[PDB]
Amino acid sequence: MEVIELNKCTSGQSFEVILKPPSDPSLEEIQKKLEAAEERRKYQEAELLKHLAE
Amino acid sequence: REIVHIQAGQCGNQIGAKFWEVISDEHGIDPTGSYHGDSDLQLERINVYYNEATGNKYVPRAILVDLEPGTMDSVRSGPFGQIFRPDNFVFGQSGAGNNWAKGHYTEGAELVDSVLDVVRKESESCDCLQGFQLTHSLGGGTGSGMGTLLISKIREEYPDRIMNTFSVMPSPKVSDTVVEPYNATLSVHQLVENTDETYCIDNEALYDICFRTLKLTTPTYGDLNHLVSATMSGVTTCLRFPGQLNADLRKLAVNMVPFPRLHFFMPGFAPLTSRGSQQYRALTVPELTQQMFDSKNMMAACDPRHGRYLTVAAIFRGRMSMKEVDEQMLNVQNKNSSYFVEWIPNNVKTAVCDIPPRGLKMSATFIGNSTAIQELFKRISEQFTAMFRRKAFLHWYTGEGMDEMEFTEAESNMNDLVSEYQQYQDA
Amino acid sequence: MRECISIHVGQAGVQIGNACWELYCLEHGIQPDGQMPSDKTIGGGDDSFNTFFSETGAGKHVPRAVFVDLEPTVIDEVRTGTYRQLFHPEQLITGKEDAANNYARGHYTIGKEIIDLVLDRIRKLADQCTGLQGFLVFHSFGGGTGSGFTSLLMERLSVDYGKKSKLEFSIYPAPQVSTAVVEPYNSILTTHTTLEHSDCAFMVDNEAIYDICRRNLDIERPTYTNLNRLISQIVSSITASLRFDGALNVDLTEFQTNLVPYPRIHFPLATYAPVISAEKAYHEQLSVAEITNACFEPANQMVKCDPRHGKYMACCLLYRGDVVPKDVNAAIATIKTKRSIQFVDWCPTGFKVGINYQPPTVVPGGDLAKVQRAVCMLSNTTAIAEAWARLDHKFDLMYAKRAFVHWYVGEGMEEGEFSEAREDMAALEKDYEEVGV
Amino acid sequence: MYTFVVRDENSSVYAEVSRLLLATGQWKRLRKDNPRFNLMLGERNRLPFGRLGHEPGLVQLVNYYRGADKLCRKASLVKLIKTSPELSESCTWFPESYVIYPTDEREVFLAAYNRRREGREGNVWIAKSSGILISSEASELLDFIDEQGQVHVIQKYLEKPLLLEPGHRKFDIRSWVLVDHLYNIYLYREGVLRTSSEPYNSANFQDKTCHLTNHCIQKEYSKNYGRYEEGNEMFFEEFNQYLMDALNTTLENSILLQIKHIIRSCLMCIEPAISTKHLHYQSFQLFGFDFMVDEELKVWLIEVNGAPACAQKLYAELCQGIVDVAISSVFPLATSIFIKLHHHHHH
Ligand SMILES: *[C@H]1[C@@H](C)[C@H]2[C@@H]([C@H](O)[C@H]3[C@H]4[C@H]([C@H](OC(C)=O)[C@H](OC(C)=O)[C@@]32C)[C@]2(C)[C@H](C[C@@H]3O[C@@H]3[C@@H]2OC(C)=O)C(=O)[C@@H]4O)[C@]2(C)[C@@]1(O)OC(=O)[C@@]2(C)O
Ligand SMILES: Nc1nc2c(ncn2[C@@H]2O[C@H](COP(=O)(O)OP(=O)(O)OP(=O)(O)O)[C@@H](O)[C@H]2O)c(=O)[nH]1
Ligand SMILES: Nc1ncnc2c1ncn2[C@@H]1O[C@H](COP(=O)(O)OP(=O)(O)CP(=O)(O)O)[C@@H](O)[C@H]1O
Ligand SMILES: Nc1nc2c(ncn2[C@@H]2O[C@H](COP(=O)(O)OP(=O)(O)O)[C@@H](O)[C@H]2O)c(=O)[nH]1
Ligand SMILES: [Ca+2]
Ligand SMILES: [Mg+2]
Ligand SMILES: [Mg+2]
C-alpha cells in the first residue's frame, strides 16, 4: 500500500512497497593448514615406501 | 592424460593382444598404425592409449612381458602384431612353470628391471601419466607371480599413480594345473594391497557363458578371450572417448571404491546372443538394461542376489534414447532397491557413448562393486585349503625359497577380505 | 562507478561463465571481438557496463573475469571458442590434472600448488580498478575443484581484499546430471569453509533447472548447454542492476543490505518467470500479474522447496521489459490475499522492486522464446533450508560408514574436518528453524 | 509393483492399511530408511517433508499434509479461526475461546468473563491443551493453567448439551474425514457417538465421567460403562432412529448438515497453505473431527485430530476406503463409503 523511494531513469524505475511494518583466518594460519596437510601426505608416502622396502 | 598398458604371461598377452585389436578398430587404427577413420571423435582422446610417432603413426603405449618367448612370438605374427613398439617386447627364456614363486622371486626377479626400464621410457613421454593397467592371469606363474612383482615395483616408483588390473581368476572348470589356487591366493594377497581397481574375470563364468548362453559345446581360450576383450573395450570406453562420467582412472576409483581393500569389480556385458535367426533381432534399451544386470551376463561367477551393490557403473554404447536409458536405469534401482546399499545414496552412475562396438548397433557394459564377489574368493580359499591342509604340491614353491608361513599369511588376508565384504553386506 | 571481478572455478563455473558473458555481450551490444559501436568514449569510461568490462585503447571491451580449472580441456574450449578474442590469455588459468571429485585434493593437494598464481592474476585485474567492489564467484558444490579450490580461494580473498564483498553463484548437486557419489561430502565441506567468507550466495539446484527445461522447454533430456543458458538468464537478471542505470542493488554491499539481515543465513531463493519454449508456435503473452504470481510457484524456483512453510526475511522483484509500478502493486495486492506469505516479526512485510524497460535478451537459436516481460524474484526464505536437510541426510548415511573417507584422508585432510563441517551445518539448520518456526 | 515405507508403528489405522496394501500383492514394504518409495506412512512428529519428492522416476505420496497442525492443535485452532476472515471472531459454530499462557488473551478473557456473570447467564468454562479443568471461577481456571506449566486454551463450556434418554447422558460425535491429493474432501458415512454412561450433573462440575466423554475415561471411572451400548459407542443407525422416535427429526437434517458445513469451512480455509496441487510431492491425510450438540440441536466444533484411531467396528471399511480413494487413485492396481463435500453457491 505504502510506496516509497520511487526512482526513475530512462532505463527503468525502482521503488519499495511496504504492506505492513514489523514488530577470519590469517595468511599464516592458512599457510599452516596447507603445510600440515602436505606433511601428512608426506608421512603416508614414507610409510608406504618403508613397507615396500621391507 | 596417458595410461601405460602392461600384459604379462600367456593369458595376459593373449587377452592383451585381443584388446588392442578391438580398440584399434574402434579408433580407426590399422595394423600398420595409420588412421583410416571418418570421425574426429575417434582421435580426440586417442592419446590416452596411443603414442603419436613420426609419419603420423599411432603406437600403443603397451609393454609385453613374459618369461618365455612363445606367446609373444605369436602376438608378433598376429593380426595387429606389427603395431606394437618392438622395444617393448621384454622376455626371458626359462618360463615360470605355473609357479608363482618363480615369477615373483627367482625367474621374474631376473627380468623385472628390464621391464621397469621400458615402463620408465614410456612414462617419460607422457604429458601427464594418470596410471597403469595390467592384464594377466592369477592361476599361472608369470602373469600371477611376476605380474604382482611388477605392480609392487611400479607402486614404489610411481606411488601417486593409479594401478588398474584385468585379472583372470582360475577355475577347475577351465584349468591347466592343480596349483592354480595357490598361485591365485598368493596373487590376491598382492592385489588387495597394491591395486586401486581390479576387474575380476572368472574363467568359470566365461566358460558358462560360452556353453549355456552362446551354445558353444567346446569353447577354446580364444573364444573365452572374445568375451574379455569385448568387456575390456566397454569398461574403458569412458577413458577413450569424450564424456562426463569416470573419464579417468582416479575419478572412476573415487566413484567405485568406498573402502580401499574392496576394489574388486564384477564386469558384465550385453547383448550375448547365440548364433541363429535371433542374432539379427533388434535390441531395445529395456532389453539391454535387463540383460546387463542379469547374472548370466556377469564375467565373475557370483550371484548378485547373494549380496548387495556398493557401487555400479553402467555404460551404454550406440545410437539410442538418452531419456529411455535414464528411465530404464532408474527402473532397475527402484524395482530392486534392496540390492543397492541404502547408505551410499545414488550409487549407480550411467554413461552413454555414441560409438558402438564392432558388429553391434548397441551394447551395454556393466561394472559392479558387489559384496557377492566374496563367493569368488571363498571358492579359491576352499580349493587352497583342501591342498594346503596336507601341504600338497608345496615342494614346487619351497624349492624356490618360499616358506609355509607366506602361504598361511596370504590365506588369512584373503579370508579377511571375505569377512570384510560380509560386514557391509549385513550393514 | 565501481568495478566487479568475476571468478569462474571448475567445469561448472567455467561453462556457466561462458553462458553469462555471451549473454552480457548480447545485452550490451558487444561483439565477439570485444568491439562496442555504441560506446562513444573510446579507450575508457565509467559507465555502468564498465563495472564488468574494461576498455583497451583500440576499443576492445574485455570482461573483468578470471577462469580457473585444475584440468585444461574445458577452459581450452574458451581459448578456441567464439569468444576467444574477448579474453586475455592471463585471464585463463589451467592446471594439468584435476581434483578427481575430491574436495581434499582440490583444497589441499593441488590447491596449494596453484593458489598464489591465481591470486597474482586476480591482482592484475584489481590493479586496473579505480574502485573495486568485490567478487562474483561461480562454482559447483560437487566438483573437487568447484568445492575444494573455491573455499581456499575465498579464504585468501578475505585476507588480501578484506573490505571487499564476495557473492557466490553455486550449483547444488542433483543425481540426474551429477558425476560423483561423494558430491554431498564436497558440498558440505566447501559450505562449512566458505560460510564466513561469503556475503551472499545464490544456490542453483540442477534438479530444479533440469525439470524446468523438461517441463517448460519440452527438452526430453537437458544438457549442460540447456541448463547453462537458463542459468545465465537468471544470473543476468540478478546482475543487471550492476550493469545498467538504476537505484536498486547498484553495488554489492546493497545485495547484503537488502537480502541478508542475518549473515550466516545468506542464501536467497531465486524464482524466475516466464520460461517459454522458442518452438511454441502459439504463445499468449503473460501479464505482470501472471508472471508475478508465478514467482510463488515452487515449480519455477531455482531450488525446489515450500516457502509457505517458512518465513521471509526479505523479497526483491526484478522486472525486465514492459512493466510499470502500478501494475506491479496491483499484482502484489491480489497475490497477498490468495497466497501464504509470512515475514519474520522483526522485518517489514514488503517488496523492493526494480524495473528495467529492456525485455530479456535471448541467445539466437537458443531454447528460450522472446517475451514482452519477465521477472526474477529474490527472496530470503527459511524454506531453502530444505536443501541443507536433504544434503546433510545423504552426508550422514555415507559418513556413518566412513564410505569414501579414505580418499580425503589420503590427500592430507584430517577426518575431524568431516564432523566439524557437519556440525556447522547442523547449527545452520538450527538457525533457519529458529528464525522460520 | 509399488513400494511403501512405514514410519509410525503405533498407528492402528495405517497398520491396517499396510496389511491391506501387502495383501494386494502389488505393494512391497521397504526398510524404514529406504528412500526409493512411492508411499510414505509417516511419523507424527518432525516428518521430513523436505526430503520428499526428490527421487527421479518415483511419484511420491505421504499420508500427512504439511501445515495441517494449525488445525489439529488446541491453541492453533483458536488462533486460526479468530484471525481468518473465512471463519472470523464471530464464528457461530465454535465456542468462545481464548489462548492463555502460563507465567496471550488473559486480560481479554476476563473482560468477557465479567459481563457473562454480570448478566444473569451461565459462566462455566473449560481449560485444556493438546489435564482438564471445568470451573465457574475465573481465578480457579487461571491458577490451574500456571500450575500445569503448559500452553493452554480456555473455552466456553456448553452448559446445555443434548442428553440421550434413557440415562440423561452426554456425548460427542467423531467424524472421520479423508482429504486426498486433489484436495477432495471425503466424509466417511459412518461416524460414532462416544457416550457418557453417567447422568449429566450441572451441580457438580467434577465427576468427569459425566462431563468428559473420552472413550478411555468412561472405561476407568464410570460404573456403568457398556451399560446402554457396547463400549459407550452409539453409531449413526441407532442415533438416527433415536432422533426420529424422540425428537421427530433425522440425523441428516438436525446435525449432519452443520457437520458437513463446518468440515468444509475449516479445510477450505487452510487449503492455500497446505495444498500439494503443484508440489513435487503429494499429500493426503485422515482427520478426526469432534463435535458437541446442544439441546437446541446446534452443532459445535470441539477439536480436530490429525492422527485419529478408529472404532473397532469400522476399521476394515475405513482403511479399505483409504486405500481406494487416497492411495490407489495415485497408484492404480492391475457404492462409495464417502460423502464428497463440495458446494458452489453463486453470490
Ligand atoms: C571361437 C568362436 C566362438 C568365435 C570366433 C569368432 O571370432 C567369434 C565371433 C563372435 C561369435 O559369437 C557368437 C558365436 O555368438 C563367436 O565368439 C564367441 C562366441 O565368443 C565367434 C564365432 C561374434 C559373431 C562376433 C560378432 C558379433 O558380436 C557377435 C559375436 O560375438 C559376440 C559378442 O557374441 C564376431 O564376429 C566374432 O568374430 C573365433 C574365431 C573362435 O572360432 O575362436 C576365436 O578365437 C574366435 C573367438 O575369434
Ligand atoms: N548446471 C551445470 N552444472 C554442471 C556443469 N558442469 C558440471 N556441473 C555439475 O557440477 C558437479 C561436478 O563438478 P564439476 O564442476 O564438473 O567438477 P570440477 O569443479 O571441475 O572439479 P574436478 O573435476 O573434480 O576437479 C556435478 O554435480 C555436475 O552436475 C555445467 O556446465 N552446468
Ligand atoms: N466447550 C466444551 N463444552 C462442553 N464439553 C466439552 C467442551 N470441550 C470439551 N468438552 C468435553 O471434553 C471432552 C474432551 O475434550 P478434548 O477434545 O480436549 O479431548 P481430546 O483432546 O482427547 C478428544 P480426542 O481424543 O479426539 O483428541 C470432549 O469430548 C467433550 O466431552
Ligand atoms: N581366458 C583365458 N585364460 C587363460 C588363457 N591362458 C591361460 N589362461 C588361464 O591362466 C592360468 C594359467 O596362467 P598362464 O597365463 O597360462 O601362465 P603364465 O604364462 O605363467 O602367466 C589358468 O588359470 C588358465 O585357465 C587364455 O588364453 N585365456
Ligand atoms: Ca567507453
Ligand atoms: Mg599357460
Ligand atoms: Mg573438472
Which value, in Å³ per residue, describes the convex hull spanned by the Cα atoms of chain C? 135 Å³
Determine which residues of the stretch B:190-221 fall in the zone a paramagnetic label at B:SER175 would reach in this model, i.e. backbone nitrogen under 13 Å from the point 7 Å along Cα→Cβ. B:204
In debye, nearest 20, what is the charge dipole magnitude of the stretch B:259-372 about its Cα centre with +1 on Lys and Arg Cβ and -1 on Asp and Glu Cβ, if you could check? 300 debye
Label-point separation (nm) for D:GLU140 and D:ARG189, each offset 7 Å from Cα along Cα-to-Cβ? 4.6 nm
Beyond 13 Å, what share of the Cα-Cα pairs of the stretch C:218-268 is found? Please give it as a whole percent. 68 percent
Per-residue mean of C-beta atoms belonging to partner chains within 10 Å, peptide A:2-9: 4
Percent antiparallel among DSSP beta bridges confined to the protein assembly as shown, rounded to 5, stands at 55 percent
At what distance in angstrom do the alpha carbon centres of the stretch D:296-347 and the stretch C:179-204 lie from each other? 45 Å
Take C:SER187, C:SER38, D:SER222, C:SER277 and order them by how many other Cβ atoms sit within 10 Å, fewest up front. C:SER38, C:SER277, D:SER222, C:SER187
In the structure shown, do any of A:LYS20/C:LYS326; C:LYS60/C:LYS370; C:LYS124/C:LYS163 have a Cα-Cα gap over 20 Å, and if so which? C:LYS60/C:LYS370
Using a Förster distance of 35 angstrom, determine the FRET efficiency expected from the C-beta separation of B:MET387 and B:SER295, and round it to 0.05. 0.75
Rule-of-thumb check for the stretch B:248-394: C-alpha Rg over 2.2 N^0.38 Å? 1.20
Environment charge at A:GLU39 (Cβ cut-off 14 Å; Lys +1, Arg +1, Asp -1, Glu -1): 0
Looking at chain C, send over the antiparallel percent of its DSSP beta bridges, to the nearest 5. 40 percent
Under a point spin-label approximation (7 Å from Cα along Cα-to-Cβ), what is the D:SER328-C:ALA281 distance to one decimal in nm? 4.1 nm
To the nearest 20 Debye, how big is the dipole of the stretch B:1-77 about its Cα centre, given +1 on the beta carbon of each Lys and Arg and -1 on that of each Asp and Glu? 200 debye
Can you give me the Cα centroid spacing of the stretch C:289-313 and the stretch C:383-437 in angstrom? 26 Å
Taking a straight Cα-to-Cα line shorter than 30 Å from B:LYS102, and setting aside same-chain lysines fewer than 8 residues away, one finds A:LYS50, B:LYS18, B:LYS121, B:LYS153, B:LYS173, B:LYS378, B:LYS391
Could you work out the per residue convex hull volume over the alpha carbons of chain B, in cubic angstrom? 135 Å³
Starting from the Cα-Cα distance between B:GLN278 and B:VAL59, subtract it from 0.36 nm times their residue separation and give me the gain in nm to one decimal. 75.0 nm
Simple spin-label estimate for C:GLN342 and B:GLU44 in nanometres, 7 Å along Cα-Cβ: 5.1 nm
Please list, or write none, the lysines whose alpha carbon is within less than 25 Å of the alpha carbon of D:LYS74, excluding same-chain residues fewer than 8 places away. C:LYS311, D:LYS82, D:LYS128, D:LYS156, D:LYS160, D:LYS170, D:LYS208, D:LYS219, D:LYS260, D:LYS298
Over 25 Å between Cα atoms, which of B:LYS335/C:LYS394; B:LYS296/B:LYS361; C:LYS352/D:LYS277 qualify? C:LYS352/D:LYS277
Going through the stretch B:153-214, which trypsin sites (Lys or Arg not before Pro) have at most 14 other Cβ atoms within 10 Å and a DSSP loop state? B:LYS173
Around B:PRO172, what is the net charge, scoring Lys/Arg as +1 and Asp/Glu as -1 over all other residues with Cβ under 14 Å from its Cβ? -4
Scoring only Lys, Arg, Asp and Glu (+1, +1, -1, -1) among other residues with Cβ under 12 Å from the Cβ of D:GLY131 yields +2
Alpha-carbon Debye profile of chain D, log10 I(q)/I(0) at 0.07, 0.11 Å⁻¹: -0.33, -0.81
Please get the size of the charge dipole for the protein assembly as shown, origin at its Cα centre, with Cβ charges of +1 on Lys and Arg and -1 on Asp and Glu, quoted in debye to the nearest 20. 2660 debye
Most mobile listed residue (C:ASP345, C:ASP47, C:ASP33) in chain C, GNM with C-alpha springs under 10 Å: C:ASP345
Please work out the C-alpha center-to-center distance from the stretch D:113-164 to the stretch C:68-122 and express it in whole Å. 72 Å
Quick shape check on the stretch C:203-343: root eigenvalues a ≥ b ≥ c of the Cα gyration tensor, a/c under 1.5 is rounded, otherwise prolate if a/b tops b/c, else oblate, and it reads rounded
Sequence neighbours fewer than 8 away in the same chain don't count; with that in mind, list the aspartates and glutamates whose C-alpha is under 17 Å from B:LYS323. B:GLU287, B:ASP354, C:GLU207, C:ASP211, C:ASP218, C:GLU220, D:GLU55
Sorted by average packing, counted as other Cβ atoms within 10 angstrom per residue and highest first, what order do B:348-359, B:139-150 take? B:139-150, B:348-359
How would you order D:307-316, D:68-77 from highest to lowest mean count of nearby Cβ atoms within 10 Å? D:68-77, D:307-316
Please report D:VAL59, B:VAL48, B:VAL65 as a ranked list, fewest other C-beta atoms within 10 angstrom at the top and most at the bottom. D:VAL59, B:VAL48, B:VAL65
Considering just Cα atoms, how many Å³ per residue does the convex hull of the protein assembly as shown enclose? 221 Å³
Can you tell me how the stretch B:169-268 classifies by the Cα gyration tensor, rounded, prolate or oblate, using a/c under 1.5 as the rounded cut? oblate
How would you classify chain A from its alpha-carbon gyration tensor, with a ≥ b ≥ c the square roots of the eigenvalues: rounded for a/c under 1.5, else prolate if a/b is greater than b/c, otherwise oblate? prolate
Divide by every residue of the protein assembly as shown the summed helix terms, -39500 (n - 2.57) for each DSSP H run of at least 4, and state the resulting mean residue ellipticity at 222 nm, rounded to the nearest 500 deg cm²/dmol. -11000 deg cm²/dmol
Enumerate the residues in the stretch C:168-202 having an amide nitrogen under 11 Å from the point lying 7 Å beyond the Cα of C:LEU26 toward its Cβ. none
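Cβ atoms come from the backbone with ideal geometry, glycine included; neighbour counts cover every protein chain shown. Bear in mind that the values in this text are calculations on the coordinates, not laboratory data.
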